[PDB]
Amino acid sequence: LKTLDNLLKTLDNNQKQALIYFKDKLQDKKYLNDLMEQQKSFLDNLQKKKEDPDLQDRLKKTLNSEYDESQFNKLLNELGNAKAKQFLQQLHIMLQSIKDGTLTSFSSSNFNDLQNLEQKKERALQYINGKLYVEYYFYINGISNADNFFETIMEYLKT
């Protein structure tokens, strides 16, 4: 518990609220469909390209989608204080940019089928939430390590 408290002592209110937000999405089963689609799409690519039979055979099995506080704390410990704070801070910026309507991505062709900002905010939020969930459970399942979780989720959180 000492290392977890050593991280929480370094976090501001914005980072602490991003932590509550991320943990909350990991406990939401409505994102299970996103993980199954990601699982199928990733297995199909490996099968098509005849790559990594060991990983394909692990991907034919059911992924664990159960939340566990100790596994959550282990991810933050494996990232180290620095990466964990950079991740929570960037999660704050992404969420604030959606809330404010200032996210640059909103002007992209990727949202131009939507009539108003509220619809745009909903697409952005539902996509970020799905990515936080998918990336965490790919880690929990051993398909990716803590460093891979970090670099992959930071790509999606870029503003």
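Numbers follow the displayed sequence, beginning with 1.
Enquirer: Given the B-factors recorded for C-alpha atoms, which segment has the greater mean, 50 to 58 or 32 to 40?
Expert: According to the PDB entry, the answer is 50 to 58.
Enquirer: Given the B-factors recorded for C-alpha atoms, which segment has the greater mean, 5 to 13 or 131 to 139?
Expert: The entry gives the higher C-alpha B-factor average to 5 to 13.
Enquirer: With respect to C-alpha B-factor, does residue 115 fall in the lowest, middle or highest third of the chain as deposited?
Expert: It belongs to the highest third of the chain when residues are ordered by C-alpha B-factor.
Enquirer: Within this chain's modelled residues, let me know which third the CA B factor of residue 109 belongs to: lowest, middle or highest.
Expert: As the PDB entry reports it, the C-alpha B-factor of residue 109 lands in the lowest third of its chain.
Enquirer: Could you tell me which third, lowest, middle or highest, the C-alpha B-factor of residue 96 occupies within its chain?
Expert: Residue 96: CA B-factor falls in the middle third of its chain.
Enquirer: Where does the C-alpha B-factor of residue 90 rank in its chain, lowest, middle or highest third?
Expert: Bottom third by C-alpha B-factor.
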